[PDB]
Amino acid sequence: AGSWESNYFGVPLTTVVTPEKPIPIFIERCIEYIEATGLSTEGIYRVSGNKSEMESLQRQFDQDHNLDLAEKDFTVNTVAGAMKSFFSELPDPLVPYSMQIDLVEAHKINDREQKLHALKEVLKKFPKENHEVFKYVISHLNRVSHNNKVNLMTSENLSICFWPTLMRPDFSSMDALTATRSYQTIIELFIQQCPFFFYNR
């Protein structure tokens, strides 16, 4: 009934992944569905999902981890929203707070190439479980951006509509707000330059 009692949502990331299956099943299910049916949706991740239906999707998944989205009648923004809820309900943000500090330091490097190399070095410091899921989500967002002539979601727009879900920022004052402009830029860079950060030949 209530989300506190779920053994899947609101529990540590490490408890819903394994070395063998590093992507949470729910995240794989949502993202595969969105890639199959949602890449041409104008404003995917910008347009708000149906909150009631998002919660319903989560509860139905709780009841059955083998839930079939192709079979159900949840719309794409509901699936996108429920996917965001997984990350916002994690005990700690997908990008750990200590890593965010290091990312902000790296981002201040003036030399572009040095900056990108520095940011990649910070990635190697993520916990391995977080790194794999972060890679998976950013790579998905990069694929969404490839269709931006149709869905209008550039890497900039995707960052604006997803980075707080990943980082869980302090929004408690105006000065705190301006201090978040770097977070938006950093996630935009990870999305836009996904190949540099995450491909392996």
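Throughout, we count residues from 1 along the sequence that is shown.
Across the two stretches, 54-62 and 130-138, the PDB entry reports the greater mean Cα temperature factor for 54-62. Set 98-106 against 68-76 and average the Cα temperature factors; 68-76 ends up higher.
Among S159, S173, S145, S48, the highest C-alpha B-factor recorded in the PDB entry belongs to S173.
Per the deposited record, the Cα B-factor of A36 falls in the highest third when ranked against the other modelled residues of its chain. Looking at the C-alpha B-factors along this chain, the one for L177 belongs to the highest third. In this PDB entry, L116 carries a Cα temperature factor that places it within the highest third of its chain's modelled residues. Remark: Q184 belongs to the lowest third of its chain, ranked by C-alpha B-factor as recorded. Among all modelled residues in this chain, the alpha-carbon of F196 has a temperature factor (C-alpha) in the lowest third.
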